[PDB]
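Enquirer: Dropping the structure in here first, questions after.
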RNA sequence: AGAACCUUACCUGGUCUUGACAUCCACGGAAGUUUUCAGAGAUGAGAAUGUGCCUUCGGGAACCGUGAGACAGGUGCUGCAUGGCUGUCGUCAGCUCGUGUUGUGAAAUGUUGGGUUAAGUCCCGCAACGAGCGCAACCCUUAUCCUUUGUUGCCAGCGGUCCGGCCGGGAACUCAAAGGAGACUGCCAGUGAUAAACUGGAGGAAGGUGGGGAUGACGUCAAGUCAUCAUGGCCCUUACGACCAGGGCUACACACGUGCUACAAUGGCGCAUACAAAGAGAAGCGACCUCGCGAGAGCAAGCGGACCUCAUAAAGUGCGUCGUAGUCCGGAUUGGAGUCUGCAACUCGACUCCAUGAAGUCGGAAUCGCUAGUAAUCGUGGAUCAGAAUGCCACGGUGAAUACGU
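Chains as they are written, first to last, in PDB author numbering: chain 9, 5 to 102; chain 2, 2 to 207; chain B, 638 to 1079.
What follows is the structure in structure tokens.
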């Protein structure tokens, strides 16, 4: 019913961020689906290192978007007032779809 | 030049990111440009404040900037006056309301970037580079570093031909990723050209 | 200006004290001048010190009042703010804590009604206030029992209960007490809450038998307390045990819970089984209803009850190590607490062994406090105690309290001390009797 | 990591001089919107309306316009003045220091010697004793299992089937991403200085740095970059600075480098049909339906995306034909008709259709890559990108030969 989509660049950052949401939601209304691991979009990037020549040597960096899903299936609108007071860390995106 | 940047390779292991925020491809670029556009002003205006490291967070249309300095009484100033003067100007640059947290840097000669900026000064103050690198290397050993390697290059003391010099004491396991290496660069603009500075400082194995 | 001999006058204009003045050497913090003159710089000729308190009451038409930090305070029951006053922009008072609610009546009426009445965080002798806190308290225990937060209606409906029945005169806490004095002569019961806190949910069918307030164990009776806050240190059905009654408490049959969590318990127990074992009982809640449809509490222990009936329905045996209790949520684990006569908590935990392993000294001192007779002696050589008590039983108010006295060897003589479990009584009887014998033997 | 203009630094021509881009001062108007004439282009001229802020009644903020001087500007020179970064020997296994000893000394010893290893890797000996930069490990991915959770992901056991996981449902499984376990010569036998270690075996998904990657020491080449940036010195400052239009970077008696496509029957063409992984998408991906032979066009869902879209994988298999004919091989070149992007497709795009069918029949001296999921071959996606790849980067499918040996 209520879908919380959580996206971040770090897996060590998003686990407590999805733990804070799923514990506070289960504390005051319960019945939350498990925090879903979802496939990571990996943006792998090819950059030339030298200013002028030698194409054959390059660097390899990547962006790992760690994405998680948390689902609430039942009406539990006592939580929806205090759930806005969580003010989580800056590295995690949250999107709500009803 | 074939050595890799030690701070870049150590990003996922032991060295934290210099900025942690999320953005999609729409606002990723303007996040970066505004992340730059805050950064020269803090280094230029607080050049006398001995700033070491600047971290940016973007928590949901706000900005948190963490300034690491060894002399917090200069940036804060007399009777708590200049941080609020620094408060609106970054918001003027970024366009969002922001809050700046001052992080004190105790143990100052154990930070590479402040070591790099302090070793920058005396070269354009025209004292000898041999005594300068010597002074910056024993105090880290005296106050308990576990390894330090510094480097200078390019027209030393008026030499017509560029020479590179490096002093190393202790242990610098640059090939060990789990070892904690502190490394950053600085430049000194003398009358003869550009003095380059590279300094690596090692403290712990994990 | 601070540590600077220029003087920030009215507006952004700056001047100074004239060098011919008597007080030119000591410029005060607040100085006023008679004539302003333009020269090489600006100056003031006739200068004199004033107190900054004097200017404000004479400049009522000139003060620009400013209010910042609007925060509500419990200490006065109203909104507080720091005020700032300016004449042509001059900070007469840099900061002053002022009552923001007394200044404007509009926004603080909604603030005061929500805080001091709906939340009810007041310290007052009002008759409606004592009953309304109880009325909100008698539905929260229902939600602490039913474990669903849908029964209680929102606080905005409680906010509209106060606001639509209060007069418009009340904008603060001080206006309310004046209002409550007139109004309560007519309708004390108007502000008291009705019983419309439950409407439709279907979870309002909370049965007192499936959520009892007391637990029975032999001749004992254990008080039950309820809380619904998962992940907490003290969540779950909590038992309140008297400290002198502890020696009559036994752990068998304690894990059956109340019937309100029995369906949910055995699901987690089947979930605690490993995946090859778990696949046999598919699905786990369906097997629970057939299990609960045939068993009754205390006929078998909890571990044995599940093993026999699952083999009854399926035919594959389950060992005692296939059930994992760490994977069971801690709210299903009964919180164990020991009480005094005033319900002061001394130790708490989630098993009876979390109590008895630390309370043995204080249980002994509980026994000795009641035992005001000379049964316990020291320095004894020959049996002079008559018919020694096999078990020492006392009474403390409603409940009995049991013990077991025994002898104690002291390497010079025999003593007598109390013990709280028959086995070490026999051990202390054995060492005491043998030592008493060889002293009695010449 | 992508030249029609732009990019663009080049050329011709038309233009500007505190300037296209900054800061300071003084003055006027808020800004801005719309219209017409001339010019290839930057000017000149109107009409509408500006005018929100801040009460200390004033001014200030944003912006535009004008003038002056301090000043800006340069893809101008010097990579042999430099920083930063890069290639290289070379992932080669080597490179040094403190103290001590020897030698007047430059220097040596450590680092050599016996084995051993991918390795100054390790054991023993040893006037060396230790240490540091390197090796390895710690990092990422892949090869197996277990714990958690289960959407949009899965369908084993159930039921209804609209035969479609479609639905109710079930969490088993695949998988997803977090946590762990595992591989360490750990065990056994032989050899070996009672050592390091080597050889074979058990067990195991994997056995001897398991496979791949990232990681590159002291330094060499006065190596490459002043044109990414920063930068010392010199040079122009009414021009080596600046704006615009058009052309040029795409020319062509030639030669070289690297690729793509073929010379064919293990093949070509047509029909039918099966099996992937990985990635991208909001000034975007763009379903379905309709129109056209087709490039595409109209219409217009869903999708910030395990859902929707790009998006039918192809070599493969089964049928029919071709039959060694410069051919039903090969597609160059050329003419006509079109589609899309974009102010604009002449120079100077890409694609479609029709017409054409050059050379080429396996290539001289010589020369290159590859030690296994590799070579070879068949396709797919992505960065740049309005439009543009046979190049680059990445992903899968089929899938070898050979290593006697120095």
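Note that CB positions come from ideal geometry on N, CA and C, so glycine has one too.
Taking the continuous alpha helix (DSSP H) assigned at residue 915 (chain B), which residues delimit it?
Expert: Sequence index remark: in the third chain, residue 915 (chain B) carries index 278 (1-based). Its alpha helix (DSSP H) spans residues 912 to 915.
Enquirer: Could I get the ranges of all uninterrupted beta strand (DSSP E) runs contained in the segment 979 to 1063 of chain B, with 3 residues as the minimum, in chain order?
Expert: Correct list: 1015 to 1017, 1029 to 1033, 1036 to 1046, 1051 to 1056.
Enquirer: What residue ranges within the segment 35 to 120 of chain 2 form continuous alpha helix (DSSP H) runs of no fewer than 4 residues, ordered along the chain?
Expert: Those alpha helix (DSSP H) runs which fall completely within the segment 35 to 120 of chain 2 and span 4+ residues are 40 to 46, 73 to 76, 83 to 86, 88 to 95.
Enquirer: Quick check on DSSP: helix, strand or coil for residue 969 (chain B)?
Expert: By 1-based counting over the third chain, the position of residue 969 (chain B) is 332. Correct three-state label for residue 969 (chain B): coil.
Enquirer: Taking Cβ to Cβ, would you say residue 899 (chain B) is nearer than 8 Å to residue 907 (chain B)?
Expert: For the purposes of this step, residue 899 (chain B) is identified with residue 262 of the third chain, where counting begins at 1. For the purposes of this step, residue 907 (chain B) is identified with residue 270 of the third chain, where counting begins at 1. No, Cβ-Cβ distance for residue 899 (chain B) and residue 907 (chain B) is not below 8 Å.
Enquirer: Can you tell me which of the three DSSP states residue 15 (chain 9) falls into?
Expert: For this step, residue 15 (chain 9) is matched to residue 11 along the first chain. The answer is helix: DSSP assigns residue 15 (chain 9) an H, G or I state.
Enquirer: Report back the beta-carbon spacing between residue 840 (chain B) and residue 785 (chain B) to the nearest angstrom; my notes put them in contact at under 8 Å.
Expert: Residue mapping note: residue 840 (chain B) aligns to position 203 of the third chain, counting from 1. Residue mapping note: residue 785 (chain B) aligns to position 148 of the third chain, counting from 1. The pair is a contact, with the Cβ atoms about 5 Å apart (cut-off 8 Å).
Enquirer: Given 8 Å as the limit, is there contact between the segment 871 to 879 of chain B and the segment 848 to 859 of chain B, that is, 3 or more CB pairs closer than that?
Expert: With a cut-off of 8 Å, the segment 848 to 859 of chain B and the segment 871 to 879 of chain B count as touching, because enough Cβ pairs lie within range.
Enquirer: Which full runs of the beta strand (DSSP E) of 3+ residues lie inside the segment 49 to 79 of chain 9, going along the chain?
Expert: Runs found: 62 to 76.
Enquirer: Excluding the 5 residues flanking residue 36 (chain 9) on each side, which residues of the same chain have their C-beta closer than 6 Å to its C-beta?
Expert: The sequence position of residue 36 (chain 9) within the first chain is 32, counting from 1. Closer than 6 Å at the Cβ level, and outside the excluded window around residue 36 (chain 9), lie 26, 29, 30, 76.
Enquirer: Starting from residue 661 (chain B), trace the alpha helix (DSSP H) both ways and give me its first and last residue.
Expert: Position 24 of the third chain holds residue 661 (chain B). Counting along the chain, residue 661 (chain B) falls outside any alpha helix (DSSP H), and DSSP gives it neither H nor E.
Enquirer: With 7 Å as the C-beta to C-beta threshold (strictly closer), list the residues of the segment 5 to 25 of chain 2 near chain 9 in chain order.
Expert: Here the close residues are 21, 22, 23.
Enquirer: So the candidates are 202 (chain 2), 165 (chain 2), 47 (chain 2), 7 (chain 2); which of them puts its Cα closest to the Cα of residue 83 (chain 2)?
Expert: Counted from its first residue, the second chain places residue 83 (chain 2) at position 82. Nearest option by C-alpha distance: 47 (chain 2).
Enquirer: Taking only beta-carbon atoms, is residue 868 (chain B) less than 8 Å away from chain 9?
Expert: Locating residue 868 (chain B) in the third chain gives position 231, counting from the first residue. Yes, residue 868 (chain B) lies at the interface with chain 9 (some Cβ there is under 8 Å from its Cβ).
Enquirer: Just curious, the beta strand (DSSP E) that residue 736 (chain B) is in, first and last residue?
Expert: Along the third chain, read from residue 1 onward, the residue named residue 736 (chain B) stands at position 99. Residues 727 to 736.
Enquirer: DSSP three-state call for residue 952 (chain B): helix, strand or coil?
Expert: The count along the third chain starts at 1 and reaches residue 952 (chain B) at position 315. DSSP places residue 952 (chain B) in coil when its eight states are reduced to three.
Enquirer: Closer than 8 Å, CB to CB, is residue 61 (chain 9) near chain B or not?
Expert: Here residue 61 (chain 9) corresponds to residue number 57 of the first chain, with the count starting at 1. No, because no Cβ of chain B sits closer than 8 Å to the Cβ of residue 61 (chain 9).
Enquirer: Suppose only complete runs of 4+ residues qualify. What are the alpha helix (DSSP H) ranges in the segment 869 to 948 of chain B, listed by chain order?
Expert: Runs found: 899 to 908, 912 to 915, 921 to 929.
Enquirer: Along chain 9, in chain order, which residues have C-beta atoms closer than 8 Å to that of residue 784 (chain B)?
Expert: Here residue 784 (chain B) refers to the residue found at position 147 of the third chain. Under the 8 Å cutoff, chain 9 gives 34.
Enquirer: Apart from the five residues just before and just after residue 95 (chain 9), which ones in its own chain have a Cβ nearer than 7 Å to its Cβ?
Expert: Working through the first chain from its first residue, we reach residue 95 (chain 9) at position 91. If we look at residue 95 (chain 9) and ignore the five residues flanking it on each side, its Cβ neighbours are 12, 13, 14, 17.
Enquirer: Starting from residue 670 (chain B), trace the beta strand (DSSP E) both ways and give me its first and last residue.
Expert: To locate residue 670 (chain B), count along the third chain from 1; it is residue 33. It spans 668 to 670 - the beta strand (DSSP E) in which residue 670 (chain B) sits, taken as one unbroken run.
Enquirer: Quick one: Cα of residue 192 (chain 2) to Cα of residue 162 (chain 2), how far?
Expert: Translated into positions along the second chain, residue 192 (chain 2) becomes position 191. Translated into positions along the second chain, residue 162 (chain 2) becomes position 161. Cα to Cα, residue 192 (chain 2) sits roughly 15 Å from residue 162 (chain 2).
Enquirer: Per DSSP, residue 165 (chain 2) forms a beta bridge with which residues?
Expert: Counting from one through the second chain, the residue named residue 165 (chain 2) turns up at place 164. Beta-bridge pairing links residue 165 (chain 2) to 154 (chain 2).
Enquirer: Comparing alpha-carbon positions, which option in 783 (chain B), 684 (chain B), 717 (chain B) lies nearest residue 1081 (chain B)?
Expert: There is no way to answer for residue 1081 (chain B), as the model of chain B reaches only from 638 to 1079.
Enquirer: Please decide whether residue 30 (chain 9) counts as near chain 2, where near means a Cβ-Cβ distance under 8 Å.
Expert: In the first chain, the residue the question calls residue 30 (chain 9) occupies position 26. Chain 2, which has no Cβ nearer than 8 Å to the Cβ of residue 30 (chain 9), makes this no.
Enquirer: Roughly how many angstroms separate the alpha carbons of residue 1094 (chain B) and residue 78 (chain 2), rounded to a whole number?
Expert: No statement about residue 1094 (chain B) is possible, as the shown extent of chain B runs from 638 to 1079 and does not include it.
Enquirer: Give the C-beta separation of residue 1 (chain 2) and residue 109 (chain 2) to the nearest angstrom, bearing in mind that I take them to be a contact with Cβ-Cβ under 8 Å.
Expert: Since the first residue shown for chain 2 is 2 and the last is 207, residue 1 (chain 2) is missing from the structure and cannot be characterised.
Enquirer: Check whether the segment 977 to 997 of chain B and the segment 879 to 899 of chain B touch, using three or more Cβ-Cβ pairs below 8 Å as the test.
Expert: Because the criterion of three Cβ pairs below 8 Å is met, the segment 977 to 997 of chain B and the segment 879 to 899 of chain B touch.
Enquirer: For the segment 7 to 26 of chain 9, which residues have a beta carbon sitting closer than 7 Å to at least one beta carbon of chain 2?
Expert: Those residues of the segment 7 to 26 of chain 9 that come within reach of chain 2 (Cβ to Cβ, closer than 7 Å) are 11, 12, 13.
Enquirer: Could you tell me the distance, in whole angstroms, from the CA atom of residue 895 (chain B) to the CA atom of residue 921 (chain B)?
Expert: Position 258 of the third chain, counted from the first residue, corresponds to residue 895 (chain B). Position 284 of the third chain, counted from the first residue, corresponds to residue 921 (chain B). Near 20 Å, if we compare the C-alpha coordinates of residue 921 (chain B) and residue 895 (chain B).
Enquirer: Curious, which full-length alpha helix (DSSP H) runs of at least 4 residues does the segment 665 to 710 of chain B contain?
Expert: For the segment 665 to 710 of chain B, whole alpha helix (DSSP H) runs of length 4 or above, ordered along the chain, are 689 to 695.
Enquirer: Does the distance from the CB of residue 120 (chain 2) to the CB of residue 39 (chain 2) come in under 8 Å?
Expert: Start at 1 with the first residue of the second chain, and residue 120 (chain 2) comes out as number 119. Start at 1 with the first residue of the second chain, and residue 39 (chain 2) comes out as number 38. No, these two residues do not count as a Cβ contact at 8 Å.
Enquirer: For a contact meaning CB atoms closer than 9 Å, what does residue 96 (chain 9) contact in chain 2?
Expert: Counting from 1 along the first chain, the entry for residue 96 (chain 9) is found at position 92. Near residue 96 (chain 9) (Cβ distances below 9 Å), the residues of chain 2 are 23.
Enquirer: Quick check on DSSP: helix, strand or coil for residue 144 (chain 2)?
Expert: To locate residue 144 (chain 2), count along the second chain from 1; it is residue 143. Looking at residue 144 (chain 2) - three-state DSSP - the assignment turns out to be coil, as it is neither helix nor strand.
Enquirer: Using 8 Å for Cβ pairs, my map puts residue 146 (chain 2) next to residue 111 (chain 2). What's the rounded Cβ distance?
Expert: Along the second chain, one-based indexing puts residue 146 (chain 2) at 145. Along the second chain, one-based indexing puts residue 111 (chain 2) at 110. So it is a contact: roughly 6 Å between Cβ atoms.
Enquirer: Tell me residue 1080 (chain B)'s beta-bridge partners as DSSP assigns them.
Expert: Since the first and last residues shown for chain B are 638 and 1079, residue 1080 (chain B) lies out of range.
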